[PDB]
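The block underneath contains the structure these notes are about, expressed in structure tokens.
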Amino acid sequence: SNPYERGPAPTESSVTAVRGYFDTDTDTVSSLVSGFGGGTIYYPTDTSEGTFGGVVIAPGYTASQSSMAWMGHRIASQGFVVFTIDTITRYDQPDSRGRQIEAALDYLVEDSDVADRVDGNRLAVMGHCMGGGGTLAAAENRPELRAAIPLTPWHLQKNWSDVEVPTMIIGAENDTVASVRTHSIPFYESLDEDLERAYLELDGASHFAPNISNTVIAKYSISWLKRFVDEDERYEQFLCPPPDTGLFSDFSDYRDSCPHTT
Ligand SMILES: [Ca+2]
């Protein structure tokens, strides 16, 4: 048996739902905290199935946690402790966001009021824009992390052959801020060929698609966290085989490393 499995067997409707199996509540973290700008922790109230994996979500350039807030209850209700952080300033660069993401991971595991609900050996990182660049930076610096999901990422550093964390990059086809040609795709193609990974390109989507309720982003983010943070093979079904990318699909592109071994 897998000791990290949480919640009932998934279905298409359960993984795409606005709220999962687990009721959640929130805890507010002050900006007084050292190393980042604080934020909000979304967590499951039910302790009976054990501790959960932890997830830090960073925002983009000029943005705050309010742009990522919808992912809080949505991911957390599937069985995760999700920490939507603010940065120190709204204009911090990607590598600074990386270090702030790292400090938030440590805060979550060591200092937070819900530390006893987090398994500190099973952590993940997500981020938008420059926060997605920071996601990669954090992943590169901490190979023990279980998953990384950069959302429409931006970073001048194009080479991430170093990264050993299973990463799902979600790009937006029509992104003009962090063009997929010059950001997302270079990042993905640089990833090691033996690294479990995925590139998801949303058809007709804008740079700010990750900042609004999106069933596609939610489904695949959830499925990726389940598969690697929880090593949950029950969610393999939503990642493999990969979705269609032809006419009338939500994906303009999809690149995979199926099957997923952990
Ligand atoms: Ca594989």
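For the structure tokens, the naming scheme is as follows: chains receive sequential letters (A, B, ...) according to their order of presentation, residues are indexed from 1 within each chain, and ligands are indexed from 1 in presentation order.
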Using only C-alpha atoms, determine which residues lie at most 6 Å from residue 166 of chain A, disregarding the query and same-chain residues fewer than 4 positions distant; provide the list as a PyMOL selection string. chain A and resi 147+196-197
Might you pull out every residue within 12 Å of segment 242-249 of chain A, with only C-alpha atoms counted and same-chain residues fewer than 2 positions away left off, and present them as a ChimeraX atom specification? /A:197-204,216,220,236-240,251-260
Contacts of residue 158 of chain A within 7 Å, only C-alpha atoms, excl. fewer than 6 positions in-chain, as JSON, numbers by chain: {"A": [183, 186, 187]}
Quick one: write out the picked residues with N, CA, C and O atoms as an mmCIF file, in the first residue's frame?
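Okay, this is what ended up in again18.cif:
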```cif
data_model
loop_
_atom_site.group_PDB
_atom_site.id
_atom_site.type_symbol
_atom_site.label_atom_id
_atom_site.label_comp_id
_atom_site.auth_asym_id
_atom_site.auth_seq_id
_atom_site.Cartn_x
_atom_site.Cartn_y
_atom_site.Cartn_z
ATOM 1 N N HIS A 183 10.418 31.576 -23.476
ATOM 2 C CA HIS A 183 10.455 31.201 -22.071
ATOM 3 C C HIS A 183 10.063 29.735 -21.852
ATOM 4 O O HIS A 183 10.944 28.883 -21.756
ATOM 5 N N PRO A 186 11.853 26.703 -24.313
ATOM 6 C CA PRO A 186 13.265 26.562 -23.956
ATOM 7 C C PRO A 186 13.481 25.905 -22.593
ATOM 8 O O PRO A 186 14.329 25.031 -22.461
ATOM 9 N N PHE A 187 12.697 26.318 -21.592
ATOM 10 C CA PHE A 187 12.809 25.761 -20.253
ATOM 11 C C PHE A 187 12.538 24.258 -20.280
ATOM 12 O O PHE A 187 13.309 23.476 -19.727
#
```
Distance atom CA of residue 42 of chain A-atom CA of residue 132 of chain A, one decimal place? 19.9 Å
Env of residue 129 of chain A: 7 Å cut, atoms = only C-alpha atoms, seq-sep filter 2 positions within chain, self excluded. Answer as JSON, numbers by chain. {"A": [60, 61, 127, 131, 132, 133, 151, 152, 153, 154]}
Find the residue from A:45, A:159, A:67, A:179 that sits nearest to residue 211 of chain A; use only C-alpha atoms when measuring. A:67
Return as a tab-separated table the residues of segment 33-81 of chain A lying at most 12 Å from segment 7-18 of chain A, together with the closest atom-to-atom pair for each and the distance in Å to one decimal, counting only C-alpha atoms, with rows in chain order and ascending residue number.
```
residue	atom	partner	partner_atom	distance
A:44	CA	A:7	CA	11.1
A:46	CA	A:7	CA	10.6
A:47	CA	A:7	CA	11.7
A:48	CA	A:7	CA	10.8
A:49	CA	A:7	CA	8.1
A:50	CA	A:7	CA	10.7
A:52	CA	A:7	CA	10.9
A:70	CA	A:18	CA	9.4
A:71	CA	A:18	CA	9.5
A:72	CA	A:18	CA	10.7
A:73	CA	A:18	CA	8.3
A:74	CA	A:18	CA	5.7
A:75	CA	A:18	CA	8.8
A:76	CA	A:18	CA	10.7
A:77	CA	A:18	CA	8.8
A:78	CA	A:7	CA	7.3
A:79	CA	A:7	CA	7.0
A:80	CA	A:7	CA	10.7
```
With a distance cut-off of 7 Å and only C-alpha atoms, select the neighbouring residues of residue 126 of chain A, excluding the residue or stretch itself and same-chain residues fewer than 5 positions from it, and output the selection as a PyMOL selection string. chain A and resi 56-58+132+135+148-150
Output N, CA and C atoms for every residue in that selection, as a PDB file, in the first residue's frame.
```
ATOM      1  N   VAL A  56       3.903  25.360  -1.914  1.00  0.00           N
ATOM      2  CA  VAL A  56       4.055  26.804  -1.921  1.00  0.00           C
ATOM      3  C   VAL A  56       3.784  27.330  -3.327  1.00  0.00           C
ATOM      4  N   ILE A  57       2.861  28.299  -3.416  1.00  0.00           N
ATOM      5  CA  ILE A  57       2.521  28.961  -4.664  1.00  0.00           C
ATOM      6  C   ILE A  57       2.929  30.429  -4.584  1.00  0.00           C
ATOM      7  N   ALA A  58       3.830  30.849  -5.483  1.00  0.00           N
ATOM      8  CA  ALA A  58       4.295  32.228  -5.552  1.00  0.00           C
ATOM      9  C   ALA A  58       3.576  33.004  -6.655  1.00  0.00           C
ATOM     10  N   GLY A 132       6.978  31.663 -11.457  1.00  0.00           N
ATOM     11  CA  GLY A 132       7.238  30.413 -12.155  1.00  0.00           C
ATOM     12  C   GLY A 132       8.727  30.228 -12.440  1.00  0.00           C
ATOM     13  N   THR A 135       9.957  29.240  -9.195  1.00  0.00           N
ATOM     14  CA  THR A 135       9.636  27.836  -9.005  1.00  0.00           C
ATOM     15  C   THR A 135      10.800  26.988  -9.519  1.00  0.00           C
ATOM     16  N   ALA A 148       7.282  20.385  -9.249  1.00  0.00           N
ATOM     17  CA  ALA A 148       7.352  21.799  -9.574  1.00  0.00           C
ATOM     18  C   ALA A 148       6.417  22.101 -10.745  1.00  0.00           C
ATOM     19  N   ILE A 149       5.561  23.118 -10.588  1.00  0.00           N
ATOM     20  CA  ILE A 149       4.634  23.505 -11.639  1.00  0.00           C
ATOM     21  C   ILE A 149       4.754  24.996 -11.956  1.00  0.00           C
ATOM     22  N   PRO A 150       5.698  25.407 -12.835  1.00  0.00           N
ATOM     23  CA  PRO A 150       5.737  26.786 -13.325  1.00  0.00           C
ATOM     24  C   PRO A 150       4.579  27.087 -14.269  1.00  0.00           C
TER      25      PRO A 150
END
```
Secondary structure check, strand (DSSP E or B) residues of segment 29-202 of chain A, as a PyMOL selection string: chain A and resi 29+39-44+52-58+81-85+118-128+147-151+167-172+197-202
Shortest interatomic distance to ligand 1 - which of A:190, A:261, A:215, A:223, counting only C-alpha atoms and all ligand atoms: A:261
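Atom pair atom CA of residue 26 of chain A / atom CA of residue 43 of chain A has a distance of 6.4 Å (rounded to one decimal).
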From the DSSP assignment of the backbone, select every residue of segment 7-196 of chain A that is alpha helix (DSSP H), and format the answer as an NGL selection string. :A and (12-15 or 70-76 or 94-110 or 130-141 or 184-190)
For those residues, write C-alpha atoms to a file as a PDB file, in the first residue's frame.
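Result went into out-v2.pdb, see below:
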```pdb
ATOM      1  CA  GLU A  12     -13.138  13.052 -13.954  1.00  0.00           C
ATOM      2  CA  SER A  13     -15.716  15.117 -12.058  1.00  0.00           C
ATOM      3  CA  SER A  14     -13.873  14.899  -8.707  1.00  0.00           C
ATOM      4  CA  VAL A  15     -10.533  16.089 -10.104  1.00  0.00           C
ATOM      5  CA  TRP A  70      -8.370  30.630  -6.218  1.00  0.00           C
ATOM      6  CA  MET A  71      -5.889  27.730  -6.167  1.00  0.00           C
ATOM      7  CA  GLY A  72      -5.875  27.702  -2.346  1.00  0.00           C
ATOM      8  CA  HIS A  73      -9.109  25.917  -1.403  1.00  0.00           C
ATOM      9  CA  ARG A  74      -9.271  24.200  -4.802  1.00  0.00           C
ATOM     10  CA  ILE A  75      -5.996  22.276  -4.547  1.00  0.00           C
ATOM     11  CA  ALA A  76      -6.079  21.999  -0.741  1.00  0.00           C
ATOM     12  CA  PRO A  94      12.887  35.408 -10.381  1.00  0.00           C
ATOM     13  CA  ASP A  95      15.905  34.215  -8.364  1.00  0.00           C
ATOM     14  CA  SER A  96      14.818  36.365  -5.417  1.00  0.00           C
ATOM     15  CA  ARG A  97      11.398  34.710  -5.674  1.00  0.00           C
ATOM     16  CA  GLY A  98      13.181  31.338  -5.666  1.00  0.00           C
ATOM     17  CA  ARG A  99      14.841  32.139  -2.336  1.00  0.00           C
ATOM     18  CA  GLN A 100      11.541  33.461  -0.927  1.00  0.00           C
ATOM     19  CA  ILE A 101       9.751  30.285  -2.067  1.00  0.00           C
ATOM     20  CA  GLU A 102      12.451  28.320  -0.213  1.00  0.00           C
ATOM     21  CA  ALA A 103      12.030  30.351   2.983  1.00  0.00           C
ATOM     22  CA  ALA A 104       8.252  29.836   2.772  1.00  0.00           C
ATOM     23  CA  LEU A 105       8.713  26.067   2.499  1.00  0.00           C
ATOM     24  CA  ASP A 106      10.836  26.204   5.658  1.00  0.00           C
ATOM     25  CA  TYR A 107       8.320  28.448   7.456  1.00  0.00           C
ATOM     26  CA  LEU A 108       5.490  26.080   6.514  1.00  0.00           C
ATOM     27  CA  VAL A 109       7.293  22.994   7.859  1.00  0.00           C
ATOM     28  CA  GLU A 110       9.003  24.532  10.905  1.00  0.00           C
ATOM     29  CA  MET A 130       8.421  35.522 -12.432  1.00  0.00           C
ATOM     30  CA  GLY A 131       7.111  33.281  -9.633  1.00  0.00           C
ATOM     31  CA  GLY A 132       7.238  30.413 -12.155  1.00  0.00           C
ATOM     32  CA  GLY A 133      10.847  31.380 -12.831  1.00  0.00           C
ATOM     33  CA  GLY A 134      11.292  31.270  -9.047  1.00  0.00           C
ATOM     34  CA  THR A 135       9.636  27.836  -9.005  1.00  0.00           C
ATOM     35  CA  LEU A 136      12.378  26.568 -11.337  1.00  0.00           C
ATOM     36  CA  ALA A 137      15.073  28.315  -9.281  1.00  0.00           C
ATOM     37  CA  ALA A 138      13.815  26.659  -6.083  1.00  0.00           C
ATOM     38  CA  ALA A 139      13.548  23.266  -7.791  1.00  0.00           C
ATOM     39  CA  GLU A 140      17.100  23.620  -9.142  1.00  0.00           C
ATOM     40  CA  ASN A 141      18.379  24.455  -5.640  1.00  0.00           C
ATOM     41  CA  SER A 184       8.286  28.099 -21.452  1.00  0.00           C
ATOM     42  CA  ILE A 185       9.476  25.901 -24.325  1.00  0.00           C
ATOM     43  CA  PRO A 186      13.265  26.562 -23.956  1.00  0.00           C
ATOM     44  CA  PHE A 187      12.809  25.761 -20.253  1.00  0.00           C
ATOM     45  CA  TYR A 188      11.041  22.476 -21.017  1.00  0.00           C
ATOM     46  CA  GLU A 189      13.398  21.329 -23.797  1.00  0.00           C
ATOM     47  CA  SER A 190      16.391  21.922 -21.508  1.00  0.00           C
TER      48      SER A 190
END
```
With distances taken over only C-alpha atoms, which of A:208, A:66, A:193, A:233 is nearest to residue 171 of chain A?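 Closest candidate: A:208.
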Contacts of residue 28 of chain A within 7 Å, only C-alpha atoms, excl. fewer than 2 positions in-chain, as a JSON list (two decimals) with N, CA and C atoms, in the first residue's frame:
```json
[["chain", "number", "residue", "atom", "x", "y", "z"],
["A", 26, "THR", "N", -8.44, 28.28, 6.68],
["A", 26, "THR", "CA", -7.27, 29.08, 6.36],
["A", 26, "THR", "C", -6.56, 29.57, 7.62],
["A", 30, "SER", "N", 1.65, 36.62, 8.71],
["A", 30, "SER", "CA", 2.08, 38.00, 8.64],
["A", 30, "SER", "C", 3.29, 38.23, 7.73],
["A", 39, "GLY", "N", 1.60, 35.35, 3.79],
["A", 39, "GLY", "CA", 0.56, 34.86, 2.90],
["A", 39, "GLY", "C", -0.57, 34.14, 3.63],
["A", 40, "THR", "N", -1.23, 33.23, 2.90],
["A", 40, "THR", "CA", -2.34, 32.45, 3.42],
["A", 40, "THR", "C", -2.10, 30.96, 3.23],
["A", 41, "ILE", "N", -2.29, 30.19, 4.31],
["A", 41, "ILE", "CA", -2.22, 28.73, 4.25],
["A", 41, "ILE", "C", -3.63, 28.16, 4.18]]
```
Could you tell me how far atom CA of residue 222 of chain A lies from atom CA of residue 123 of chain A, in Å and to one decimal? 13.6 Å
Using only C-alpha atoms, which residues sit within 8 Å of residue 124 of chain A once same-chain residues fewer than 3 positions away are excluded, as an mmCIF file with N, CA and C atoms, in the first residue's frame?
```cif
data_model
loop_
_atom_site.group_PDB
_atom_site.id
_atom_site.type_symbol
_atom_site.label_atom_id
_atom_site.label_comp_id
_atom_site.auth_asym_id
_atom_site.auth_seq_id
_atom_site.Cartn_x
_atom_site.Cartn_y
_atom_site.Cartn_z
ATOM 1 N N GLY A 53 1.093 16.438 2.015
ATOM 2 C CA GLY A 53 2.165 17.153 1.348
ATOM 3 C C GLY A 53 1.918 18.659 1.362
ATOM 4 N N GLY A 54 3.013 19.427 1.332
ATOM 5 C CA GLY A 54 2.956 20.879 1.353
ATOM 6 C C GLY A 54 3.271 21.488 -0.010
ATOM 7 N N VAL A 55 2.577 22.586 -0.332
ATOM 8 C CA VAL A 55 2.731 23.255 -1.611
ATOM 9 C C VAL A 55 2.819 24.764 -1.412
ATOM 10 N N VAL A 56 3.903 25.360 -1.914
ATOM 11 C CA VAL A 56 4.055 26.804 -1.921
ATOM 12 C C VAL A 56 3.784 27.330 -3.327
ATOM 13 N N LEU A 145 12.668 18.221 -3.419
ATOM 14 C CA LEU A 145 11.295 18.570 -3.740
ATOM 15 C C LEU A 145 10.667 17.540 -4.674
ATOM 16 N N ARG A 146 9.376 17.255 -4.459
ATOM 17 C CA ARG A 146 8.685 16.200 -5.182
ATOM 18 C C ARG A 146 8.116 16.637 -6.529
ATOM 19 N N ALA A 147 7.675 17.895 -6.624
ATOM 20 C CA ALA A 147 7.131 18.408 -7.870
ATOM 21 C C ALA A 147 7.302 19.917 -7.996
ATOM 22 N N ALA A 148 7.282 20.385 -9.249
ATOM 23 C CA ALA A 148 7.352 21.799 -9.574
ATOM 24 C C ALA A 148 6.417 22.101 -10.745
ATOM 25 N N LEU A 225 0.497 16.897 -8.679
ATOM 26 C CA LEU A 225 0.842 16.894 -7.269
ATOM 27 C C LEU A 225 0.516 15.537 -6.651
ATOM 28 N N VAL A 229 3.901 14.248 -5.351
ATOM 29 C CA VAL A 229 3.946 14.590 -3.937
ATOM 30 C C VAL A 229 3.439 13.427 -3.083
#
```
